[PDB]
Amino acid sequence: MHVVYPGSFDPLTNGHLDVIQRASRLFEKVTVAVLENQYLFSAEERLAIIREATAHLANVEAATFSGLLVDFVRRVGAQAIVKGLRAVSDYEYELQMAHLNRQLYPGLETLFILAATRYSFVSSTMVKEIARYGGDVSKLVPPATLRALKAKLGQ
């Protein structure tokens, strides 16, 4: 089974990486789909961070996409969408998108994986807010992201 893990990943956090690692162990192939269209990092920068952070996972690929997610899924020939859930995640929103995507692409399923408990409260938005003020986010994001934040924010 080939699954697609979509998101803006601005930037990639340990929560995202944890879900990617779990999907990597479960499925034959995982494609991380990076949304491209105000993000802190460009689509290219976000993709580069992901390629560096997932280099150790042999069955994980990554690419940017524009337009409808279901069209990307069809384009890469995947069987399902995978998303991570956190005790904090917007349950309603994920359910809504999952149902809508299953209508746009008749029968396309979204499978939810539970992110590691230790990263239950990590979000890209909070990482950026903390980093912006010089806060230490080293335990919340992978090394590739930490380096990118320091370069971007000039810290």
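Quick note: we count residues from 1 along the sequence shown, nothing fancier.
Coordinates are lacking for 4 to 9 deposited residues between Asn37 and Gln38. Relative to one another, 11-19 and 134-142 have unequal mean CA B-factors, and 134-142 is the one with the higher figure.
A summary of the deposited B-factors shows that, of 44-52 and 91-99, the stretch with the larger mean C-alpha value is 91-99. Within the selection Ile113, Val60, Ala33, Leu104, the deposited Cα B-factor values reach their highest point at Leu104. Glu109: CA B factor lies in the lowest third for its chain, per the PDB record.
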